[PDB]
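Each of the two blocks below gives one form of the same protein chain as structure tokens; they are labelled structure 1 and structure 2.
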Structure 1
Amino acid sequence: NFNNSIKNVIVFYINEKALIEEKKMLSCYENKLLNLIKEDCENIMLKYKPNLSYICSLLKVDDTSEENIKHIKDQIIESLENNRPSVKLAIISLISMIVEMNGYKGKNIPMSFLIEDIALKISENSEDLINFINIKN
């Protein structure tokens, strides 16, 4: 006697509230970087939707399992280890496109571990990247 509609409304409702609280943790500096990265990763997504889908295809992104998501992480990190700003903005877009594709399957734990560990490796030697997004204007 469980209502499919209510459960998923309550879950989404709380998560939405949890995102807002993560947003207030972003500061003037981080809020602007966000908006600047937003614009870059969006423009990448139109032209390289053709190109990024092919990567989403090579990496079997429908596998939705740690055994594979762990491999997706390793492979993405391997590409960074072999790391200029342009590639970094492209990795972010790739992940956004993995989210777009697997967003209906729901939130799963491995992806979070992936999003954090990749977000982490990208932060390495941020200096070269900060310049890229801030020579826009």
Structure 2
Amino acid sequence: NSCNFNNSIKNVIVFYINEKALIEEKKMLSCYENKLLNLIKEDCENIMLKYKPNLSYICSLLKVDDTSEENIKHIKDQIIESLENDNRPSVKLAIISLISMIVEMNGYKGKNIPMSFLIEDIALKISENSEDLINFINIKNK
């Protein structure tokens, strides 16, 4: 369907987060990636709508107001650790929503390079075993 499913998911996540940052997209999506975007966008907007206090609480724990390189690295490692602890597709969707809030809170606009790599790094980890994530969001309605 695509050449590499993990790459598709990684591209979709970076694109989505940038879209929620109101950042000009640097790269557009393929036909297949755009299909996955539409599915993920609906799920993540619904999580944001239902669990905003829960995500805001996490952001308080993560001290998202601190955009220093040291604290951004700390946020990355804590999110990666939580994902390794609970690797399910639904968790990955929740984490995408969490990143969206982090970006909306700390005012990320593309120039904080450590934050850009946080987005890249977590997109990479979410994209591992993408087959399971794709099956979850396809069948979520299919």
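Numbering for residues begins at 1 and runs along the sequence of structure 1. Rigid core: the largest C-alpha set superposing within 1.5 Å between the two forms.
Which listed residue, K47, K32, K38, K105, is the one whose CA shifts 2 angstroms or more between structure 1 and structure 2 with the rigid core aligned?
Comparing the C-alpha positions, the one residue that moves 2 Å or more is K105.
Tell me whether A119 is among the residues that move between structure 1 and structure 2 (Cα shift of 2 angstroms or more, core superposed).
For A119, whose C-alpha is compared between structure 1 and structure 2 after core superposition, the shift is less than 2 Å.
Does the C-alpha of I130 move 2 Å or more between structure 1 and structure 2 once the rigid core is lined up?
Not so; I130 is displaced by less than 2 Å.
After fitting the core, how far does the CA of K23 move between structure 1 and structure 2, in Å?
Its C-alpha position differs by 6.9 Å.
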